[PDB]
Amino acid sequence: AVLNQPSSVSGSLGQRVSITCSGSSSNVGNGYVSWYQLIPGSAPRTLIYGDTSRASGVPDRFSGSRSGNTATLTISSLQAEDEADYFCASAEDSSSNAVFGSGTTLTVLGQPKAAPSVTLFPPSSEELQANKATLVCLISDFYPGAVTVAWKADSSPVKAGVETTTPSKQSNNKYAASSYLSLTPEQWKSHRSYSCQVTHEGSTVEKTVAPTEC
Amino acid sequence: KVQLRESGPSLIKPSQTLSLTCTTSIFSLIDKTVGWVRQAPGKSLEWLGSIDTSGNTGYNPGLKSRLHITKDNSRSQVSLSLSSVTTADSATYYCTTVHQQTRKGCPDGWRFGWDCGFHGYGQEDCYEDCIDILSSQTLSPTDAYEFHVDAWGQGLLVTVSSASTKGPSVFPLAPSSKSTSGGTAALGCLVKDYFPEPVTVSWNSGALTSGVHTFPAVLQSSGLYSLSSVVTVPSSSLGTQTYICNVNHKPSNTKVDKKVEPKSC
């Protein structure tokens, strides 16, 4: 089984949202619902147990309730660091047969936007001497967490050999992403330059590197 | 910070039996129940099973056939096994301390006599009507099952695949004259061509944490992963302060310390 949750909820910064957990009498209706917070890159964190009790270190703005077969996690004074996946849980016919909900991704609206900083690294001398070459475009400190990356060799768009990560949150709650262009040392040295172009909210930042430099 | 620590292979071939163990007695294995929870990429948390001070075991009904959980309070190790794994079993496996126990409860809308405020014989029973209690419908309490995870381990990533382990190659991402940002500069390490996940990165053995971001990995058409770790540092320090990235690839029992030297222009 799996408890039913909305896949996505959106709350505004400083306001309140509720995450719903709908089950049945054999689980949610048994009266001991727990909640869990999962931030990418960290281990899960217990928030609520026994429908309403906060775990050690859980602020007061996190509150849990239940009405029959439906439980609710209400978060007030939303902060950016509340963005995470939230799961409910309940025993079922046994305190050792636990069932979790499908999970809810919380987005906090109204956060301040930020244009990305881009640093393009050329292939290292060490990598070239190992007969490989990787251009590394690092993109950081932007919000919202969505960008598109394009590469050029001299002025020719480059399609093959590009790998780009989906943006993820930094420690300061802004987003970062990375893009890679694999080349041969001969391709690197043959062209006069390479560029990484990052588009974010209708604007584009381009960084260029040349083999004739450091 | 005291933790629960999972151990086991990071890579297992299809069909083999994933064997894990959790080892920590500071969370008294003699006075705390240990459970196992997993999460596969893009899926929700999934219960596996538990075992308490006694050896009482409870299993996820849908998976109990392939699951076996034992312990050794001697070595203070709870150990889980999962037979006939498939790619659907690639996931993070978490060791946890868990609160389980059956308690007597009343149906929703009912309260125990003593909770209603009645003292005397019949106070331990459940009552539909706390006000006119002497004529209230009454029930003997029923079992209410209580569960919640109390402590979470950091988790062990397990990849089910026929491909072979490969340690990383680490290259410097050195800062240069045109690549600075005034007072600060970005430098990092490229962690190239490893399998399976995960890789972790620290800087100067953990002493440097301000400004550090380790990116998620990319999966290349080669089937190998690469990632980068970056740190923003004072531009005036380049040359005097040594910067060393500490790369850990537990799946291959590899650690790399790479000094990132600044470029001479």
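Hydrogens, waters and symmetry mates play no part in the numbers below; they use all other heavy atoms, side chains included. Protein chains get the first letters and strands the later ones, always in sequence-line order, with residue 1 at the start of each.
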Kindly indicate, with the supporting measurements, whether the criterion side-chain contact (heavy atoms from CB on, under 4.5 Å) is fulfilled by A:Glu126 and B:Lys258. CA-CA 12 Å; A:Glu126 293 94 312; B:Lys258 177 56 167 177; 3.7 Å; yes
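Considering all non-hydrogen atoms of both residues, B:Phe147 and A:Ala91 come closest at CB-CB, 4.0 Å. Contact detail for A:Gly101 and B:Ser44: the closest heavy-atom pair is O-CB, 3.4 Å. Among all heavy-atom pairs drawn from A:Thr165 and B:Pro216, the shortest one is CG2-O, 3.4 Å. Closest heavy-atom contact between B:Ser228 and A:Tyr180: OG-OH, 2.8 Å. For A:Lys169 against B:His213, the heavy-atom pair with the smallest separation is O-CE1, 3.5 Å. Residues B:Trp47 and A:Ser96 come closest through the heavy atom pair NE1-O, 3.0 Å.
At most 12 heavy atoms of other shown residues, nucleotides or ligands fall within 6.0 angstrom of atom NZ in B:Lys64. When the shell of 6.0 Å around CZ of A:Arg192 is examined, it contains 12 or fewer heavy atoms from other residues, nucleotides or ligands. The environment of A:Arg54 atom CZ is dense: over 12 non-hydrogen atoms of other residues, nucleotides or ligands sit within 6.0 angstrom.
Look at B:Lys263 and A:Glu213 and you find no salt bridge, because none of the NZ, NE, NH1 or NH2 atoms lies under 4.0 Å from a carboxylate O. In this structure, A:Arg66 pairs ionically with B:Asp108, as a charged nitrogen and a carboxylate oxygen lie closer than 4.0 Å.
The part of A:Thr166 that comes within reach of chain B is its backbone (N, CA, C, O), which places non-hydrogen atoms under 4.5 angstrom from that chain. Heavy-atom distances place the side chain of B:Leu190, and not its backbone, under 4.5 Å from chain A.
Contact of the B:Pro61 side chain with the A:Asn97 side chain is registered, since non-hydrogen atoms from C-beta on lie closer than 4.5 Å.
For residues 24-38 of chain A, the interface with chain B (any heavy-atom pair closer than 4.5 Å) comprises A:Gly29, A:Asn30, A:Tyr32, A:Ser34, A:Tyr36, A:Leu38, sorted by residue number.
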